[PDB]
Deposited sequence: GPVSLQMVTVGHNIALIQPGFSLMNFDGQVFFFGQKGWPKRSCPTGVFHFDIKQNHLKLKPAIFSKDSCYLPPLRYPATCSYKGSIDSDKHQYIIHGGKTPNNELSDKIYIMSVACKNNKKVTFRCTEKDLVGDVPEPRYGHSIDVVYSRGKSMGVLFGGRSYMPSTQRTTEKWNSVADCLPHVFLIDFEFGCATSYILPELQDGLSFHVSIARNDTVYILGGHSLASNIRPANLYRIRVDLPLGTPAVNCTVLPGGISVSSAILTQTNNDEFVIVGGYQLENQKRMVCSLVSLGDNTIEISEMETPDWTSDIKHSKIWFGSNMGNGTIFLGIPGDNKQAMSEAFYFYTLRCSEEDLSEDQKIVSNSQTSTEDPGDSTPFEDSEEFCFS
């Protein structure tokens, strides 16, 4: 794993904590700009390409049939297999939480310029309340597709919310949500194994299972060292969800996850304590029925990273992470790195 400094172009200011990257055929794109989209780029979506350690963010345009989604910080993002991306929840530039869900798909790719389609998916049934810091993944069981959504945060409900603590947040109820994109319905499952609320965890999806790693529980204020397996069964009848705790779980909140090879992923970054960043890195090996978490060699972090209080980033996709730490202030607000694997 080799760490590399990155330079940025004139619109470096867009990149903020809570931003997202999406991968379409090796070309990376960027979403969640700081502030509302400006006339320089009305969609808020950018072609995000790093060439020789210099990152240029270039505007991308939408299709005629597209929604113009607001920039969203900390949404639940997911990849769907014909390739498309799911965005659920998140905060808007106005600090509102969106209950909507958007679908990002490549509409056209003429002369290496990409037009996107942003379509809003309506959702009925037990729709999850508006949230951020939560996971969403797609499972496959018996030739069927189903979306799973767990954890996160929201503001108090309208009955108890008061202006004096207007911004107070609380963990969502830890109900697993099955969400069928084909029909637009959502089903909520309460499980005994999932007692506490959890946000800023990592989610790994293989076949009919999703593993839940780390996270932070607001009420307890603990970063539990637990791992949860969630298996979903898709028979001809109503699906069933079974959860199992599996010891040997990492303790990390806000970690970033990338896929190095099929069935192996790396987990880097995030926090072990409010004041203690997680400098170690973990390797996950998946078995059809087993999950393996292994300590790996820590990277050659620079002294900036080591002493920074905060860092943030997302996965670029080709087993390479894009990292950010708060920089000097008069210069540019953030210092960016790329860590490859």
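S.K.: For this chain, which runs of the deposited sequence have no C-alpha coordinates, given in order from the N-terminus?
M.R.: Going by the record, the segments left unmodelled (no C-alpha atoms) fall at 1-2, 84-89, 339-341, 353-389.
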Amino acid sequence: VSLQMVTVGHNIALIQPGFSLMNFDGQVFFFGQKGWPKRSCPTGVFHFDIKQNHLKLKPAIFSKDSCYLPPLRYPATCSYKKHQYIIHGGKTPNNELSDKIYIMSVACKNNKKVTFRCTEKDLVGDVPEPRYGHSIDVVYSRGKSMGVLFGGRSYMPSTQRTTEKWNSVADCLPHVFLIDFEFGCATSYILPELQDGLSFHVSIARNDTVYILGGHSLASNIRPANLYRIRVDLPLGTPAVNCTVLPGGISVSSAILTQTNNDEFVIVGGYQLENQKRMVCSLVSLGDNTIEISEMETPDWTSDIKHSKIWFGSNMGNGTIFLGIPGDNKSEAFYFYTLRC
From here on, numbers count along this sequence of modelled residues.
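S.K.: Please compare 63-71 with 284-292 and say which has the higher mean C-alpha temperature factor in the record.
M.R.: Here the higher of the two C-alpha B-factor means belongs to 284-292.
S.K.: When the C-alpha temperature factors are averaged for each of 217-225 and 87-95, which stretch ends up with the higher value in the entry?
M.R.: Higher mean C-alpha B-factor in the PDB entry: 217-225.
S.K.: Specify which of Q16, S20, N11, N329 carries the largest Cα B factor in the deposited PDB entry.
M.R.: Highest CA B-factor of the listed options: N329.
S.K.: By the entry's C-alpha temperature factors, tell me which of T43, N275, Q33, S40 sits highest.
M.R.: The listed residue with the largest C-alpha B-factor is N275.
S.K.: Comparing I267 with the other modelled residues of its chain, is its CA B-factor in the lowest, middle or highest third?
M.R.: Its C-alpha B-factor, which the entry lists for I267, ranks in the middle third among residues of this chain.
S.K.: Comparing against every modelled residue in the chain, figure out the third that the C-alpha B-factor of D137 lands in (lowest, middle or highest).
M.R.: As the PDB entry reports it, the C-alpha B-factor of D137 lands in the middle third of its chain.
S.K.: C-alpha B factor of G324, ranked within the chain: lowest, middle or highest third?
M.R.: Lowest third - that is where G324 ends up once the chain's C-alpha B-factors are sorted.
S.K.: So where's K165 on the chain's Cα temperature factor ranking, which third?
M.R.: Bottom third by C-alpha B-factor.
S.K.: By its CA B factor, does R117 count among the lowest, middle or highest third of the modelled residues in the chain?
M.R.: It falls in the middle third of the chain.
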